[PDB]
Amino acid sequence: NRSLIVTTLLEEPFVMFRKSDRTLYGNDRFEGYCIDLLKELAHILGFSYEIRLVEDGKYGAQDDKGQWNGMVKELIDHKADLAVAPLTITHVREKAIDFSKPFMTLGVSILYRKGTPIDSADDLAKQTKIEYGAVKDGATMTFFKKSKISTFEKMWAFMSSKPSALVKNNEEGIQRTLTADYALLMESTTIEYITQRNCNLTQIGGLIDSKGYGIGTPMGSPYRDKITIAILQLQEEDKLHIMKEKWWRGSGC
C-alpha cells in the first residue's frame, strides 16, 4: 500500500504550477484538470501518489530504432506507475504500454491566426507559404507519420522536410502561430481553451479524426482496471464534463 509514482508534464490547463507567494514542494506544486482527476481517483480508490515531471518533457514517440521517449518510456522502464497527463490513447503506443478507458474525447484540428480564410487541411497540404507543423514526438506528429491518407501523407512530407515545423511543446507552437505565418496541428479540446484566451487565434476546419486521453500504466499494471472503472463511474455521472467546465471557463471573444 505504498505511494504510486505519477509521471506528468506541464500543459495548460491539465497540469500546471499553482501560483503561491511561498515556494511550493511536493504534490502541492501542481494543479489543473488532471490534478483534479488524480485527486478524485486517489479518493475513490484509496491510494496516494508522488507526482514527478518527466525529465525529457515529452509525451512519447518511437525513434527509428524502435526506442521510446517521454512518459511512454517512463512507464515501459517502470520508473512511474501512472502517466497522468493529456496522454493520447493510440494503438501504436498500446504496443509498449497500457491505457485506462478514456477520460476525454478530442480530435486533431488546426490552430491558426485569423486572416487567410483557409477552411481545411487540404488548403495547407497544397501550399508551401503558410508553414504548418506539430509537437515533436507527440501523438499528432505520429498520426501524420503513420497516415495512409494522401492529404496527410502530403502534410507529413512537409513537416518531415522543415526543421522548424516540429515544435518542442504546445506553448512554443502557440507562440509560432502568433509570431509567424504558421498553423499548428493540435488537439481539439486544447484548441478550445487556447482560442478562448487568444482572440486572434481560431480553429480551422472541424475534427481530422477522433480519439481519447487515457491514464497510462506499464503493461499488466494492477491499477489499470481499478482506474478504468472509477473513470467510467465519474463519466456516467457527468463529473468529468463538470471538471472540464471548471478549467475551460474563461473570458470570451
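Quick note: we count residues from 1 along the sequence shown, nothing fancier. Whichever C-alpha set is largest while still superposing within 1.5 Å between the two forms counts as the rigid core.
Between 5-13 and 234-242, greater CA displacement relative to the shown form is found for 234-242 when the structures in 7 other deposited structures of this protein are fitted on the core.
The segment moving more, judged by mean Cα distance from this form in 7 other deposited structures of this protein after a core overlay, is 158-166 among 83-91 and 158-166. Mean C-alpha B-factor is higher over 52-60 than over the other stretch, the pair under comparison being 26-34 and 52-60.
The PDB entry records a higher mean C-alpha B factor for 242-250 than for its counterpart among 242-250 and 3-11. Highest C-alpha temperature factor among 91, 78, 148, 101 per the entry: 148. The PDB entry assigns its highest CA temperature factor, among 97, 157, 71, 108, to 157. Ranked against the other modelled residues of its chain, the C-alpha B-factor of residue 199 as given in the entry falls in the highest third. Remark: residue 216 belongs to the lowest third of its chain, ranked by C-alpha B-factor as recorded. Sorting the modelled residues of the chain by their CA temperature factor places residue 118 in the highest third. The deposited CA B-factor of residue 82 belongs to the lowest third of values across its chain.
Ranked against the other modelled residues of its chain, the C-alpha B-factor of residue 39 as given in the entry falls in the lowest third.
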